[PDB]
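Participant: I am attaching a structure below and will ask some questions about it afterwards.
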Amino acid sequence: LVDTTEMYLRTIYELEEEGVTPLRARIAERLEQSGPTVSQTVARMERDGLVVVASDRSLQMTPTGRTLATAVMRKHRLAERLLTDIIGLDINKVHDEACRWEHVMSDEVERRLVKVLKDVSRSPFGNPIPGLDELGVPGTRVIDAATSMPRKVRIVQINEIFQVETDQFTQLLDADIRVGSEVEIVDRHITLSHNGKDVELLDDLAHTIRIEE
């Protein structure tokens, strides 16, 4: 979705990146938006806890805001790589096309691009592609990763240390399910199959085991 917020957050990231103080007028200018429009939007992003207008009058992205900004930049850059390296779009048209593609490319498509692309170190324009670590190329929780249709993944972590209920610890071991184990999943109780064994997790384990796509 063409979020103006995403556009504003990656504009700030760019400015910082060029060593430019992320001031409002600079953003109004870069974004071809008026100062008032910008002010209205910044005040909005503030309500969302994505940015803080410093005493300096510079825009300080909050941690969550910086995480989104980064993700948007990563998508933009992976998209640029796709466009130049595979599709072969005129280099002169690559940037603007990517500016549009950064708002619609899913994390799922990004991971495949990291896979099919020869090198995702940097953008065709020279800047490095950020957030590759956060994309995962820690881990998606089984709870959120549990699809109604079975799927296979790699256990990133078990988090036995944070468990109060330990009655399924041996189930996992008998089932041969450990960190790095490729297992089947599905929604319903949440079942985690592997080595012939099916482990129907309980709430706590379901919210703490993290599956890598």
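Starting from 1 in every chain, residues are counted up; chains themselves are A, B, ... following the order of the structure tokens, and ligands are numbered from 1 as listed.
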Write out as a ChimeraX atom specification all residues of segment 4-64 of chain A that backbone DSSP assigns to strand (DSSP E or B).

Facilitator: /A:23,51-53,58-61

Participant: At most 8 Å is the cut-off: for each residue in segment 34-61 of chain A with any atom that close to an atom of segment 2-23 of chain A, write down the nearest atom pair and the distance in Å rounded to one decimal, counting only C-alpha atoms, chain first then increasing number, as CSV.

Facilitator:
```
residue,atom,partner,partner_atom,distance
A:41,CA,A:5,CA,7.6
A:45,CA,A:5,CA,7.0
A:57,CA,A:23,CA,6.7
A:58,CA,A:23,CA,4.7
A:59,CA,A:22,CA,5.6
A:60,CA,A:22,CA,7.9
A:61,CA,A:9,CA,7.8
```

Participant: Report as JSON, numbers by chain all protein, DNA and RNA residues lying within 12 Å of residue 99 of chain A, evaluated on only C-alpha atoms, omitting residues in the same chain fewer than 3 positions from it.

Facilitator: {"A": [2, 3, 4, 6, 7, 8, 10, 11, 31, 72, 73, 74, 75, 76, 77, 78, 79, 80, 83, 93, 94, 95, 96, 102, 103, 104, 105]}

Participant: Can you spit out the residues from that selection as a short mmCIF file (atom, residue, chain, number, x, y, z; two decimals), in the first residue's frame, using N, CA, C and O atoms?

Facilitator:
```cif
data_model
loop_
_atom_site.label_atom_id
_atom_site.label_comp_id
_atom_site.auth_asym_id
_atom_site.auth_seq_id
_atom_site.Cartn_x
_atom_site.Cartn_y
_atom_site.Cartn_z
N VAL A 2 0.64 2.17 -0.93
CA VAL A 2 1.45 3.39 -1.02
C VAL A 2 1.28 4.27 0.22
O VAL A 2 0.57 5.28 0.18
N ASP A 3 1.89 3.87 1.33
CA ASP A 3 1.79 4.65 2.55
C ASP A 3 2.71 5.86 2.43
O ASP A 3 3.87 5.76 1.97
N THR A 4 2.16 7.03 2.74
CA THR A 4 2.92 8.25 2.72
C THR A 4 3.92 8.13 3.86
O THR A 4 5.06 8.54 3.72
N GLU A 6 5.49 5.50 4.98
CA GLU A 6 6.65 4.73 4.53
C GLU A 6 7.55 5.61 3.67
O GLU A 6 8.79 5.56 3.77
N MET A 7 6.93 6.39 2.80
CA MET A 7 7.69 7.29 1.96
C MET A 7 8.45 8.34 2.80
O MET A 7 9.62 8.65 2.52
N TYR A 8 7.80 8.87 3.83
CA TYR A 8 8.40 9.87 4.72
C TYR A 8 9.54 9.28 5.53
O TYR A 8 10.54 9.93 5.77
N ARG A 10 11.40 6.62 4.68
CA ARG A 10 12.61 6.30 3.91
C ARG A 10 13.30 7.55 3.36
O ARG A 10 14.46 7.47 2.95
N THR A 11 12.60 8.68 3.36
CA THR A 11 13.17 9.97 2.93
C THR A 11 14.13 10.45 4.03
O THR A 11 15.22 10.93 3.75
N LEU A 31 10.36 15.51 -1.06
CA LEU A 31 9.05 14.90 -1.29
C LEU A 31 8.07 15.68 -2.17
O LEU A 31 6.96 15.20 -2.43
N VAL A 72 11.52 -0.61 4.37
CA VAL A 72 11.10 0.07 3.14
C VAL A 72 12.31 0.27 2.22
O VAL A 72 12.22 0.07 1.01
N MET A 73 13.43 0.70 2.81
CA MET A 73 14.67 0.91 2.06
C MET A 73 15.21 -0.40 1.47
O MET A 73 15.70 -0.44 0.33
N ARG A 74 15.15 -1.47 2.25
CA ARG A 74 15.58 -2.79 1.84
C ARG A 74 14.74 -3.23 0.62
O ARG A 74 15.30 -3.63 -0.40
N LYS A 75 13.41 -3.13 0.72
CA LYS A 75 12.48 -3.49 -0.37
C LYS A 75 12.78 -2.66 -1.62
O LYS A 75 12.83 -3.18 -2.73
N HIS A 76 12.96 -1.36 -1.43
CA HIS A 76 13.30 -0.46 -2.53
C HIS A 76 14.57 -0.95 -3.22
O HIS A 76 14.62 -1.02 -4.45
N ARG A 77 15.60 -1.26 -2.43
CA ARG A 77 16.88 -1.69 -2.98
C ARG A 77 16.90 -3.07 -3.61
O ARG A 77 17.55 -3.29 -4.64
N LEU A 78 16.17 -4.00 -3.03
CA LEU A 78 16.07 -5.35 -3.59
C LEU A 78 15.32 -5.21 -4.92
O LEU A 78 15.63 -5.87 -5.91
N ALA A 79 14.31 -4.35 -4.92
CA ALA A 79 13.53 -4.10 -6.12
C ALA A 79 14.44 -3.52 -7.23
O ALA A 79 14.33 -3.95 -8.39
N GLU A 80 15.34 -2.59 -6.86
CA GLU A 80 16.29 -1.99 -7.80
C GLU A 80 17.19 -3.06 -8.40
O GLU A 80 17.47 -3.04 -9.59
N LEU A 83 15.13 -5.12 -10.86
CA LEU A 83 14.95 -4.30 -12.06
C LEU A 83 16.17 -4.17 -12.95
O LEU A 83 16.05 -4.22 -14.17
N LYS A 93 15.50 4.58 -15.43
CA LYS A 93 14.13 4.45 -14.93
C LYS A 93 14.04 3.62 -13.63
O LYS A 93 13.00 3.61 -12.95
N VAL A 94 15.13 2.95 -13.29
CA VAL A 94 15.16 2.09 -12.13
C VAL A 94 14.75 2.70 -10.79
O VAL A 94 13.93 2.12 -10.08
N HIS A 95 15.26 3.88 -10.46
CA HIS A 95 14.95 4.50 -9.18
C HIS A 95 13.47 4.79 -8.95
O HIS A 95 12.91 4.42 -7.92
N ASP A 96 12.86 5.49 -9.89
CA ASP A 96 11.46 5.86 -9.77
C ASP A 96 10.54 4.65 -9.79
O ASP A 96 9.54 4.64 -9.09
N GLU A 102 8.58 -0.37 -3.63
CA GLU A 102 8.92 -0.52 -2.22
C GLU A 102 7.69 -0.62 -1.31
O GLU A 102 7.74 -1.19 -0.24
N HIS A 103 6.56 -0.11 -1.77
CA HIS A 103 5.34 -0.15 -0.99
C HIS A 103 4.48 -1.40 -1.21
O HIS A 103 3.52 -1.61 -0.49
N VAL A 104 4.79 -2.20 -2.22
CA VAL A 104 3.96 -3.37 -2.51
C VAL A 104 4.65 -4.72 -2.42
O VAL A 104 3.98 -5.74 -2.44
N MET A 105 5.97 -4.72 -2.30
CA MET A 105 6.72 -5.96 -2.22
C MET A 105 6.67 -6.53 -0.82
O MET A 105 6.91 -5.84 0.15
#
```

Participant: Compare A:48, A:187, A:212, A:110 by their minimum atom-to-atom distance to residue 157 of chain A, counting only C-alpha atoms, and give me the closest one.

Facilitator: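 For residue 157 of chain A, the nearest of the given residues is A:212.
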
Participant: Would you give me, as a tab-separated table, each residue of segment 94-184 of chain A having an atom within 10 Å of an atom of segment 196-205 of chain A, along with its shortest atom pair and that distance in Å to one decimal, using only C-alpha atoms and sorting by chain and residue number?

Facilitator:
```
residue	atom	partner	partner_atom	distance
A:141	CA	A:205	CA	9.5
A:142	CA	A:205	CA	8.4
A:143	CA	A:203	CA	8.5
A:158	CA	A:205	CA	8.0
A:159	CA	A:205	CA	8.2
A:160	CA	A:205	CA	8.4
A:162	CA	A:204	CA	9.2
A:163	CA	A:204	CA	7.1
A:164	CA	A:204	CA	8.3
A:165	CA	A:204	CA	7.7
A:166	CA	A:205	CA	9.2
A:167	CA	A:202	CA	9.9
A:168	CA	A:201	CA	7.8
A:169	CA	A:205	CA	9.7
A:171	CA	A:199	CA	6.9
A:172	CA	A:199	CA	7.0
A:174	CA	A:197	CA	7.8
A:175	CA	A:197	CA	4.8
A:176	CA	A:197	CA	8.0
A:177	CA	A:197	CA	8.9
A:183	CA	A:198	CA	9.5
A:184	CA	A:198	CA	8.6
```

Participant: Could you save those same residues with N, CA, C and O atoms as a PDB file, in the first residue's frame?

Facilitator:
```pdb
ATOM      1  N   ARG A 141       7.520 -16.526  15.337  1.00  0.00           N
ATOM      2  CA  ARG A 141       6.944 -17.403  16.353  1.00  0.00           C
ATOM      3  C   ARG A 141       5.976 -18.358  15.697  1.00  0.00           C
ATOM      4  O   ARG A 141       5.271 -17.988  14.751  1.00  0.00           O
ATOM      5  N   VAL A 142       5.927 -19.579  16.221  1.00  0.00           N
ATOM      6  CA  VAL A 142       5.046 -20.608  15.696  1.00  0.00           C
ATOM      7  C   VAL A 142       3.615 -20.097  15.697  1.00  0.00           C
ATOM      8  O   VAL A 142       2.884 -20.295  14.731  1.00  0.00           O
ATOM      9  N   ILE A 143       3.239 -19.384  16.752  1.00  0.00           N
ATOM     10  CA  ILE A 143       1.893 -18.835  16.857  1.00  0.00           C
ATOM     11  C   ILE A 143       1.519 -18.028  15.606  1.00  0.00           C
ATOM     12  O   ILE A 143       0.523 -18.323  14.941  1.00  0.00           O
ATOM     13  N   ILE A 158      14.005 -22.947  20.503  1.00  0.00           N
ATOM     14  CA  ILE A 158      12.978 -23.614  21.306  1.00  0.00           C
ATOM     15  C   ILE A 158      12.551 -22.764  22.516  1.00  0.00           C
ATOM     16  O   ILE A 158      11.372 -22.738  22.884  1.00  0.00           O
ATOM     17  N   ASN A 159      13.516 -22.079  23.128  1.00  0.00           N
ATOM     18  CA  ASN A 159      13.258 -21.228  24.292  1.00  0.00           C
ATOM     19  C   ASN A 159      12.713 -21.981  25.492  1.00  0.00           C
ATOM     20  O   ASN A 159      11.719 -21.592  26.112  1.00  0.00           O
ATOM     21  N   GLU A 160      13.427 -23.045  25.831  1.00  0.00           N
ATOM     22  CA  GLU A 160      13.089 -23.896  26.952  1.00  0.00           C
ATOM     23  C   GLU A 160      13.343 -23.101  28.226  1.00  0.00           C
ATOM     24  O   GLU A 160      12.644 -23.257  29.225  1.00  0.00           O
ATOM     25  N   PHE A 162      12.640 -20.116  28.953  1.00  0.00           N
ATOM     26  CA  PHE A 162      11.501 -19.275  29.334  1.00  0.00           C
ATOM     27  C   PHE A 162      10.206 -20.048  29.633  1.00  0.00           C
ATOM     28  O   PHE A 162       9.159 -19.434  29.911  1.00  0.00           O
ATOM     29  N   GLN A 163      10.277 -21.385  29.596  1.00  0.00           N
ATOM     30  CA  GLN A 163       9.100 -22.235  29.852  1.00  0.00           C
ATOM     31  C   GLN A 163       8.869 -22.545  31.328  1.00  0.00           C
ATOM     32  O   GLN A 163       9.814 -22.713  32.112  1.00  0.00           O
ATOM     33  N   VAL A 164       7.597 -22.542  31.704  1.00  0.00           N
ATOM     34  CA  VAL A 164       7.197 -22.878  33.065  1.00  0.00           C
ATOM     35  C   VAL A 164       6.739 -24.344  32.941  1.00  0.00           C
ATOM     36  O   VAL A 164       7.210 -25.215  33.681  1.00  0.00           O
ATOM     37  N   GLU A 165       5.877 -24.607  31.952  1.00  0.00           N
ATOM     38  CA  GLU A 165       5.375 -25.955  31.673  1.00  0.00           C
ATOM     39  C   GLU A 165       6.475 -26.643  30.900  1.00  0.00           C
ATOM     40  O   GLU A 165       6.844 -26.177  29.822  1.00  0.00           O
ATOM     41  N   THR A 166       6.992 -27.741  31.441  1.00  0.00           N
ATOM     42  CA  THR A 166       8.079 -28.474  30.790  1.00  0.00           C
ATOM     43  C   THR A 166       7.711 -29.909  30.413  1.00  0.00           C
ATOM     44  O   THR A 166       8.584 -30.714  30.064  1.00  0.00           O
ATOM     45  N   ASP A 167       6.417 -30.204  30.458  1.00  0.00           N
ATOM     46  CA  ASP A 167       5.883 -31.542  30.180  1.00  0.00           C
ATOM     47  C   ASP A 167       5.981 -32.059  28.737  1.00  0.00           C
ATOM     48  O   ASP A 167       5.722 -33.246  28.477  1.00  0.00           O
ATOM     49  N   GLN A 168       6.373 -31.180  27.813  1.00  0.00           N
ATOM     50  CA  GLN A 168       6.513 -31.561  26.413  1.00  0.00           C
ATOM     51  C   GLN A 168       7.945 -31.523  25.936  1.00  0.00           C
ATOM     52  O   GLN A 168       8.221 -31.748  24.755  1.00  0.00           O
ATOM     53  N   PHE A 169       8.862 -31.220  26.847  1.00  0.00           N
ATOM     54  CA  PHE A 169      10.285 -31.150  26.513  1.00  0.00           C
ATOM     55  C   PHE A 169      10.749 -32.484  25.945  1.00  0.00           C
ATOM     56  O   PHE A 169      11.477 -32.524  24.954  1.00  0.00           O
ATOM     57  N   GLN A 171       8.754 -34.788  24.649  1.00  0.00           N
ATOM     58  CA  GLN A 171       8.016 -35.042  23.412  1.00  0.00           C
ATOM     59  C   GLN A 171       8.883 -34.571  22.255  1.00  0.00           C
ATOM     60  O   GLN A 171       9.153 -35.326  21.316  1.00  0.00           O
ATOM     61  N   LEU A 172       9.323 -33.320  22.344  1.00  0.00           N
ATOM     62  CA  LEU A 172      10.150 -32.710  21.312  1.00  0.00           C
ATOM     63  C   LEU A 172      11.389 -33.549  21.001  1.00  0.00           C
ATOM     64  O   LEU A 172      11.750 -33.730  19.845  1.00  0.00           O
ATOM     65  N   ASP A 174      11.852 -36.849  21.628  1.00  0.00           N
ATOM     66  CA  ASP A 174      11.466 -38.131  21.044  1.00  0.00           C
ATOM     67  C   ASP A 174      11.111 -37.877  19.587  1.00  0.00           C
ATOM     68  O   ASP A 174      11.512 -38.628  18.704  1.00  0.00           O
ATOM     69  N   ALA A 175      10.380 -36.788  19.351  1.00  0.00           N
ATOM     70  CA  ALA A 175       9.950 -36.377  18.015  1.00  0.00           C
ATOM     71  C   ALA A 175      11.113 -35.897  17.168  1.00  0.00           C
ATOM     72  O   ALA A 175      10.933 -35.529  16.006  1.00  0.00           O
ATOM     73  N   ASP A 176      12.294 -35.853  17.778  1.00  0.00           N
ATOM     74  CA  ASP A 176      13.521 -35.430  17.108  1.00  0.00           C
ATOM     75  C   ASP A 176      13.495 -33.952  16.661  1.00  0.00           C
ATOM     76  O   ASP A 176      14.259 -33.548  15.772  1.00  0.00           O
ATOM     77  N   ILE A 177      12.643 -33.149  17.306  1.00  0.00           N
ATOM     78  CA  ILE A 177      12.483 -31.726  16.989  1.00  0.00           C
ATOM     79  C   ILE A 177      13.350 -30.810  17.843  1.00  0.00           C
ATOM     80  O   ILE A 177      13.054 -30.563  19.009  1.00  0.00           O
ATOM     81  N   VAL A 183      10.696 -28.951  10.240  1.00  0.00           N
ATOM     82  CA  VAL A 183       9.459 -29.546  10.692  1.00  0.00           C
ATOM     83  C   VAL A 183       8.247 -29.071   9.926  1.00  0.00           C
ATOM     84  O   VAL A 183       8.263 -28.036   9.267  1.00  0.00           O
ATOM     85  N   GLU A 184       7.188 -29.851  10.053  1.00  0.00           N
ATOM     86  CA  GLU A 184       5.907 -29.588   9.435  1.00  0.00           C
ATOM     87  C   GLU A 184       5.135 -28.752  10.455  1.00  0.00           C
ATOM     88  O   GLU A 184       5.425 -28.818  11.657  1.00  0.00           O
TER      89      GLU A 184
END
```

Participant: Can you measure atom CA of residue 125 of chain A to atom CA of residue 25 of chain A for me? One decimal in Å is fine.

Facilitator: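 Atom-to-atom, atom CA of residue 125 of chain A to atom CA of residue 25 of chain A, that is 24.9 Å.
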
Participant: Looking at A:138, A:35, A:180, A:124, which one is nearest to residue 84 of chain A, with distances taken over only C-alpha atoms?

Facilitator: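 Checking each of A:138, A:35, A:180, A:124 against residue 84 of chain A, counting only C-alpha atoms, the winner is A:124.
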
Participant: Considering only C-alpha atoms, state which residue in the set A:46, A:108, A:119, A:144 is at the smallest distance from residue 82 of chain A.

Facilitator: A:119
